[PDB]
Each structure stands twice: as C-alpha cells, then as structure tokens.
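What follows is a single structure, written as structure tokens, with notes after it.
Reconstructed Cβ throughout: ideal geometry from the backbone, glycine too, with neighbour counts over all protein chains shown. Values in this text are rule-based calculations from the coordinates and carry no lab data.
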DNA sequence: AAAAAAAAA
Ligand SMILES: Nc1ncnc2c1ncn2[C@@H]1O[C@H](COP(=O)(O)OP(=O)(O)NP(=O)(O)O)[C@@H](O)[C@H]1O
Ligand SMILES: [Fe+3]
Ligand SMILES: [Fe+3]
C-alpha cells in the first residue's frame with residue numbers, strides 16, 4: 001500500500017498547517033546520518049560499529065534507519081486525533097483509554113514489525129532497537145510482555161487499515177536509508193549512546209525555523225521518488241544546522257610538550273616525566289592518574305596527556321570537570337587560550353557548564369559573525385551542554401550522566417566522544433565517589449580515555465577509581481581472589497592504565513628517580529592547647545601570644561576556624577584588641593552576599609597572593625576564614641593557625657604557608673623563622689574530646705585519629721612532599737590511632753550511609769544493562785543529587801522601615817522591585833544578575849520548615865528560573881537608622897556588613 | 001554548626 005500523507009508529527013507553532021509524519025521521520029533519519037559522519041568523534045564511530053560487528057558505513061545506515069523509526073508510535077488514533085483529521089478511510093483501533101505516550105507505542109510496535117525486514121524475531125538486537133527508540137524522550141520502558149500468539153493485537157494494533165500505514169512508513173524509511181541489513185550484535189551501553197544520537201537528531205530537526213522551511217517544499221504524494229527527494233534535500237540542509245549550534249569538532253594537531261607550551265622555558269619535572277614516558281604507553285583507551293602538589297604545572301601536564309589519549313582513541317572532544325563553579329570559570333579561560341594557540345573555528349563552542357553560567361556576561365550570548373569558541377544559543381539550552389565539542393564545568397555535570405534521571409543517555413552520548421579530565425579528585429567525598437566510580441565504569445566500557453588529577457590521594461580511593469575503569473573496559477567485575485590494581489600511590493607520581501590488557505604502569509617502573517618538584521622548606525606543625533569555656537574555645541590568650549610578633553615587626557597570617565560562628569568570634573576579638581592603634585583585619589566565609597564575597601576575595605589575594613608580591617602591594621595583616629581557604633585561593637601567609645581538622649584537610653590548608661618562597665621575591669619578618677602551621681586543640685581532662693560544633697562538621701573519630709597521629713610525631717616537622725601521602729594514608733589506615741571504638745564505628749557507619757544512598761541513585765553497572773536499558777531511567781516514589789546532604793538555598797535580605805516598606809539597602813533608598821524592568825514588567829537576564837549578586841547561600845535546616853508568606857518572593861518573581869526559588873529574609877530598620885535582628889523561620893537574622901549574615 | 005553543586009522537541 002502506497003503511503004498516506006494525512007498523518008502528521010508536528011502541528012504546534014506551525015501557524016495552522018501540519019508537517020507530515022513521513023517528513024519528520026525522513027528528516028530525523030537524515031540528521032542522524034549526518035551526525036554520524038560529521039559530528040561523531042572517529043573513535044566513537046569505531047566503538048559503535050564494533051559492538052554491532054559490521055563496518056562503519058553499514059553501522060551508519062542502520063543508525064539512520066533506526067532514527068527514522070523514532071516517532072512511528074505517532075501513527076495511532078490516540079495520537080492522530082489530537083487535532084482535526086479525516087480518518088474515515090481508517091476504521092478500527094477505537095480509543096482504549098490507556099493514554100499511552102507515542103514513544104511507548106514505538107517500543108511496543110517495533111519488536112513485531114522489525115522481523116519482517118530481517119530482524120531476528122525475539123532477538124536481542126530487535127529487543128534493544130525497539131527499547132532504545134522507545135526511549136527517545138529521555139525515559140526507557142520495559143521490554144514488552146505478552147501472553148498471546150498475536151502481540152501486535154495484544155498491544156492495541158488491531159486494525160488492518162492502520163497496520164498497513166505503519167508498515168508503509170516502516171518501508172519508506174527502510175528504503176530511503178538504503179535498506180540496511182540487521183546488525184548481528186548490539187549491547188546495552190552501545191544502545192544507550194545511540195539513543196542519545198537519535199535524540200539529538202530529533203531535536204535538531206524539530207526547530208521551528210527548520211520546519212517552516214521544509215514546510216515550503218512538502219512532497220506531492222507518498223511515492224518512493226517523492227520521499228527519496230525529501231530525504232536527500234534534508235540530507236543537504238543538516239550540516240548547516242550543526243554550525244548554527246556550534247557542534248563542529250575542535251581538532252588539535254599532534255605536538256610535543258614544548259610546541260604546545262612555547263611560552264614555557266623550563267618544563268617541570270612532572271611535565272618532563274609525563275611527556276617522555278607517555279606517548280609510548282598511550283596506544284589506545286586508558287586512564288592516567290597524576291597526583292602532585294600545588295604549583296607543579298598539573299594543568300599543562302593534563303592538556304598534554306589529554307592530547308595524547310585523544311589522538312590514541314580518535315577522540316577530539318574534551319570535558320574538564322572542576323570541583324567548583326569558580327575554578328571552572330578560570331579553567332574555561334585557560335583552555336580557551338590553549339585552544340586559540342593550538343588550532344590553526346567559528347562553528348564550535350567551548351562551552352562553560354554549571355548552573356550560574358547563564359548569569360556570566362562574558363560567556364552567555366546577549367552567525368558566521370561569531371567569535372571563535374563562543375557559546376551558541378542552542379548549547380545554552382537544558383541538557384545540551386555536554387554535546388559541545390569542548391567544555392569545562394563542574395564535575396556534577398558529568399556525574400549527572402550516571403544518575404537515574406531523564407535524558408541521561410543524552411549526557412552519556414555527549415561524553416562518549418570526548419577525553420574526560422577530572423581535576424581535584426581528592427576533593428570528592430564518599431557519595432560523589434560512588435557516582436565517579438559508576439561514571440568511570442561506564443566511560444571505560446565506552447572506550448573513553450580519562451585523566452585523573454589530584455593532590456594526594458588515599459590509596460583506596462585511587463584503587464577504587466582505576467578498578468572501576470578497568471571493570472568497564474574488561475566486561476567483568478573484580479573477584480574476591482583477584483589482586484588489587486593499585487596498592488600504593490606516590491606523591492608526586494603518575495600512573496598509566498591500559499584498557500585493552502589492564503596493565504598498570506607506575507611512574508616508578510619507568511624511572512627509578514623521584515619526580516623533581518619545587519624544593520621547599522619542611523612545614524613545622526605545632527599542637528597548642530586552648531582552654532575550653534562553655535564547651536567552646538577561648539582562643540583569646542593564645543591568639544594574643546601567637547600574633548604578637550606580627551603587630552611589632554609585621555607580616556601576614558591566617559586563622560582558620562571550623563565554623564562561621566567561631567570565625568565571626570575571632571574577628572570581633574581581633575578588632576577589639578586592635579582598636580589600640582596597621583595591622584589589617586579580614587574575614588572570609590560563605591555567608592556574604594556574592595558581590596561582597598567576590599570583592600573581599602579579590603583584595604585578599606591582592607595582598608597575600610603572587611601578583612601582590614610581584615607588584616609590591618604585599619603589606620607589613622591578618623586573615624580570619626572558614627574552610628573557603630581550602631578552595632583555590634592564591635594566598636601566601638607567613639604563619640597559619642588552624643582548628644584541628646582531618647590531616648588531609650590540615651595539610652591542604654597548610655599549603656598556603658610560604659606558597660611562593662621559591663620565588664625569592666618575598667621578605668619574611670624576623671619572627672617567621674620557618675614555615676609554620678599552628679594547630680589548635682582543646683585541652684582535655686581517655687579518648688580526645690572536641691567541641692560539638694566541630695564534631696558536627698568532621699566525624700569525631702577523624703579528628704581524634706588526626707590529633708593522635710600529630711601528637712605521635714613529637715614536634716617533628718613535615719618534610720614536603722616526602723612525608724605527606726603517608727600521613728594521608730595513615731590517618732585512615734592505622735587502627736591504633738582511634739581509641740574511641742564507638743566514635744570510630746559511627747564514622748564508618750556514616751560513610752556506609754553515604755555510599756548506600758549513592759548506589760540507589762546511580763544507573764546499573766554496564767553488564768547489568770547488557771540486554772535491558774530500562775534501569776537507566778527507572779525510579780519511583782523529586783530530583784536525584786550529585787552531592788550528599790540537605791544542601792543550600794539562596795536567600796535575599798530585604799529591608800523594612802517603621803512605615804513600613806520594602807527596600808534593598810539599610811538606607812532605604814532602593815525600592816524592593818515587585819516587578820522587573822523589562823517590557824511587560826518581566827525580568828531580564830541583567831535584572832536577575834543584579835539580584836543574584838547580593839544573594840547569600842544558607843545551609844538547609846529546620847528554619848526552612850517554618851517559613852511564611854513574607855519569606856516567599858512576589859508573584860512576578862515566580863516566572864523567573866533564577867528568582868522563583870529565592871527565600872526572602874526581612875530586616876527591620878529603626879527610624880534612627882539602626883538595623884535590627886529579625887525573626888524568620890524560628891530564629892533571628894542580621895546581615896552585618898563586616899561579619900556577614902548572622903543567625 | 002563547612003564547603004561545595006543543583007522546558008523540549
Ligand atoms: N614551567 C612551568 N610549567 C608549568 N606552569 C608554569 C611554568 N612556569 C610558569 N608556569 C605558570 O605557573 C602558573 C601557576 O602554576 P600552577 O602549577 O598551575 O599552580 P596553581 O595554579 O596554583 N595549582 P594548579 O592550577 O592546580 O596547577 C600557571 O599560570 C603556569 O602557566
Ligand atoms: Fe517523539
Ligand atoms: Fe520526533
């Protein structure tokens with residue numbers, strides 16, 4: 001039967017007309033073909049064609065054929081009658097009441113139609129091809145189950161008249177795509193990636209502009225020659241679509257380490273070792289783990305290793321995952337610089353990928369006229385970022401690929417053609433570490449090479465990550481009998497893993513010498529007791545005792561406190577003590593409005609960092625901060641005083657001590673004899689005690705084992721970096737360090753709880769997804785999280801006078817905008833930037849279950865993604881001008897300008 | 001009680 005064009009696929013926004021189903025199908029088949037040839041990394045075409053075990057050209061046409069079948073489930077009465085249509089020639093298949101989505105219909109029909117073209121009835125390949133297409137709206141379905149000998153009828157396809165039109169369609173795209181014979185094999189992981197491809201295909205050719213265009217040259221009839229014409233036309237008009245969305249490859253020339261970084265006169269020890277021993281190792285899919293200290297050129301090292309592995313695997317794309325949004329911003333700058341120099345592309349975006357990327361003026365858009373590597377409007381969309389040829393963003397963006405959520409197969413497809421580089425792997429907690437492990441496991445099976453950068457890494461984590469990657473590569477998991485692939489890490493050191501054979505190659509094995517790093521003075525670590533008042537720390541004396549030389553002779557110091565309260569206490573006291581005259585005083589923590597925090601930080605690195613010392617602005621000064629100091633802040637301090645924290649974190653903090661001493665530029669005061677970290681700890685009165693406020697942030701046992709490990713050294717300095725990795729390993733490894741068996745077990749139990757939540761959250765192991773994709777998107781009883789915990793909400797403080805009316809400043813000069821200064825009273829981007837710039841992150845708690853109507857944003861705000869979820873915090877200001885502490889959620893708040901938000 | 005991330009076709 002020749003095919004009827006009366007059956008549509010699109011109607012919306014089409015100004016009264018309808019695009020035919022066949023035309024969408026051919027379009028979507030065309031896009032997939034082009035995507036295969038012009039978007040896919042060559043390595044990825046290879047990986048896929050191997051799973052099907054056929055040549056690439058065939059694999060392509062198969063894929064294109066499949067793509068053209070994605071919306072066939074639309075050829076039902078349930079879908080068709082959503083608008084006016086003349087179905088009089090089509091009696092039967094009366095409405096069932098099921099209300100069954102069209103993609104669900106595809107996956108229900110395809111298993112019993114495919115065999116008429118060659119597919120093995122009840123085959124694994126047929127099963128997967130139906131399931132995968134059935135999942136082209138981001139949700140896979142179960143394999144169809146039936147009890148009769150007539151599944152088609154059993155599933156609602158009872159009318160000969162309807163069944164004819166669906167086979168017409170089936171043959172129309174089969175023919176139009178060159179009638180590809182069925183592949184022999186197809187596995188789950190490969191199928192899920194292809195699902196991604198099919199989804200990108202649908203999306204590209206569903207753009208209103210592209211549609212209105214094809215709508216000017218519909219086919220006259222349903223003849224083979226006409227549909228052949230339609231397909232070939234859409235074939236031509238798709239590469240244009242790629243460029244308009246900036247999906248074109250960024251390819252980078254092979255290059256030695258120096259040719260890639262010509263501005264570098266004296267390549268690092270780490271860089272020399274990597275560049276020398278790695279090209280011979282990088283013969284295909286592998287994982288590299290570099291673990292080295294801060295300030296050793298890890299970034300350039302990474303790009304190079306990434307460039308090798310990219311070439312070895314025909315994968316030109318890149319994802320760099322960073323721990324924070326800010327570091328992602330910075331790295332996005334470096335990589336883009338690297339791009340410009342390294343390539344000899346106005347249709348390829350270097351995407352920036354995190355939740356605040358839209359409100360970045362320098363990144364977001366306000367064709368062919370474009371800046372190179374610039375964001376396109378298309379990639380700025382939801383779910384599309386990883387489809388950018390190159391991208392840097394938060395690690396959370398990659399981790400979202402292995403969560404059981406809609407459209408994850410899209411993100412999986414995005415990564416599958418790239419080299420993924422995750423930086424600061426030491427920063428990933430036990431919940432994130434299970435997600436990382438599932439990603440590595442899935443990346444391993446998909447042939448994607450990985451570079452893991454870290455600072456020191458506990459050997460067990462190191463072991464888990466490479467074990468995870470090897471599992472994916474090798475098809476099978478780890479035995480109980482099987483030996484561990486990584487039993488030791490060296491800091492500094494690197495490590496190569498071959499995916500094909502599973503050979504681990506330590507840097508030790510290829511060179512007996514240790515990797516030369518910046519030499520530096522060992523770190524003096526000094527445990528000092530503090531009197532406890534009211535289960536708190538009376539740091540008063542000591543602060544005076546230890547800071548005394550700095551008031552006379554000058555210098556730079558930092559005090560690090562476990563909580564924001566304790567951080568605010570210390571500042572206040574420093575101020576009281578300082579009213580008695582030079583030196584300066586600063587306070588940094590997370591509870592400041594953005595604009596303020598981005599300002600405080602800038603001046604603080606301005607004084608204590610490298611471009612400060614170089615420019616002479618470095619003072620003759622004290623900083624008080626919380627764990628924000630553990631983030632990348634360019635600081636060099638002459639003395640550091642810290643509350644006890646876990647050693648990994650202490651040692652992390654202590655890397656701010658004399659950070660740039662090898663620069664030779666800085667003059668240290670006569671009292672700063674050696675680089676020193678002072679570690680405060682409560683005096684006791686037989687397993688160590690710590691403040692409740694401390695034990696709520698860090699598990700008690702960890703603080704105990706850390707104190708015990710440090711006491712044991714009797715004053716002895718920490719040689720750097722020879723002593724570090726052993727400390728890091730030992731705090732967890734040495735059981736004699738924990739004398740509170742009860743506190744220690746709890747610690748272990750809390751860790752279990754976090755890995756457990758994680759396992760609920762993630763998609764199956766690749767081998768569990770072999771013949772069944774349904775578990776990738778299965779969930780019941782909300783949104784799954786990339787990080788553990790109750791999280792944070794963004795608050796905004798508004799001001800109320802006696803009158804009383806709503807203001808944005810204590811001075812009551814800036815009216816609280818009920819509306820937005822855009823046409824229609826709507827908010828703009830640049831509007832949302834001004835509001836968000838004064839928002840404060842606040843940690844979720846009981847206070848949120850006690851909010852009221854005046855804690856919620858006005859009606860106009862709900863229309864805005866960025867403002868809808870804000871919490872409003874009132875602040876009462878007296879008619880004298882003083883700001884009062886104000887109750888919200890069952891407690892009192894006050895946004896002090898020097899001390900940040902207080903509650 | 002830290003810090004950190006987080007509308008499709
Ligand atoms: N020989 C060199 N090798 C690598 N980087 C160098 C070299 N000489 C100067 N640099 C620069 O040193 C700067 C900072 O060094 P770097 O090792 O990156 O420390 P960092 O940025 O504080 N920590 P990280 O970014 O994680 O590596 C970068 O801008 C480099 O370009
Ligand atoms: Fe669809
Ligand atoms: Fe579609």
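General remarks:
- Cα-based equivalent ellipsoid, the range A:133-197: semi-axes from gyration tensor eigenvalues, Å: 24, 19, 12
- Sorted by Cβ neighbour density within 10 Å, fewest at the top, the residues A:816, A:781: A:781, A:816
- Stokes-Einstein D for the range A:292-447, Kirkwood Rh over Cα pairs, 10 °C, 1.306 mPa s (µm²/s): 99 µm²/s
- When you count the other C-beta atoms within 10 angstrom of each residue and take the mean per peptide, A:41-54, A:392-405 line up highest first as A:392-405, A:41-54.
- Binned Cα-Cα distances of the range A:518-738, short to long, each 5 Å bin given as a whole percent: 1, 6, 15, 19, 20, 17, 12, 6, 2, 0, 0
- Counting only Cα atoms, the size of the range A:853-903 along its three principal axes is 35, 23, 22 Å, in decreasing order.
- Gain upon complete extension [residue A:207, residue A:240; 0.36 nm per residue less C-alpha separation]: 10.6 nm
- Share, in percent, of DSSP beta bridges within the range A:518-738 that are antiparallel, nearest 5: 10 percent
- Diffusion of chain A by Stokes-Einstein, at 4 °C in a medium of 1.567 mPa s and with Rh set to the Kirkwood radius over alpha-carbon pairs, works out to 42 µm²/s.
- Here is the P(r) of the range A:136-285: all C-alpha pair distances, binned every 5 Å from 0, give 2, 6, 8, 10, 13, 13, 11, 9, 7, 6, 5, 4, 3, 2, 1, 0 in whole percents.
- The range A:791-903, Cα convex hull volume normalised per residue, Å³: 112 Å³
- For the range A:391-453, the relative contact order is 42 percent, taking Cα pairs closer than 8 Å that sit 6 or more residues apart in sequence and dividing their mean separation by the residue count.
- Look at A:478, A:390, A:66 and count the other Cβ atoms within 10 Å of each Cβ; fewest to most, that gives A:478, A:390, A:66.
- P(r) tail fraction, the range A:56-96 - alpha-carbon pairs more than 12 Å apart, %: 68 percent
- Computed [θ] at 222 nm, deg cm²/dmol, chain A (DSSP H ≥ 4; -39,500 (n - 2.57); rounded to nearest 500): -11000 deg cm²/dmol
- Relative contact order of the range A:791-903, pairs being alpha-carbon contacts under 8 Å that are 6 or more residues apart, as %: 30 percent
- Our summary gives the range A:63-173 a relative contact order of 35 percent, counting only alpha carbon pairs under 8 angstrom and 6 or more residues apart.
- Ranked list, fewest to most other Cβ atoms within 10 Å of each Cβ, for A:833, A:500, A:806: A:500, A:833, A:806
- For peptides A:315-323, A:610-618, A:82-90, sequence by mean Cβ density within 10 Å, most packed first: A:315-323, A:610-618, A:82-90
- Residue-normalised convex hull volume from the C-alpha trace of the range A:247-517: 126 Å³ per residue.
- Computed over the alpha-carbon pairs of the range A:399-442, the distance histogram in 5 Å steps reads 5, 21, 30, 25, 15, 4 percent, short to long.
- Distance between the modelled labels on residue A:488 and residue A:516, one decimal in nanometres: 2.4 nm (7 Å Cα→Cβ projection).
- Computed from the alpha carbon positions, the gyration tensor of the range A:498-608 leads to an equivalent ellipsoid with semi-axes of 40, 20, 18 Å, biggest first.
- Calculated over the range A:1-246: convex hull of Cα atoms, volume per residue (Å³): 122 Å³
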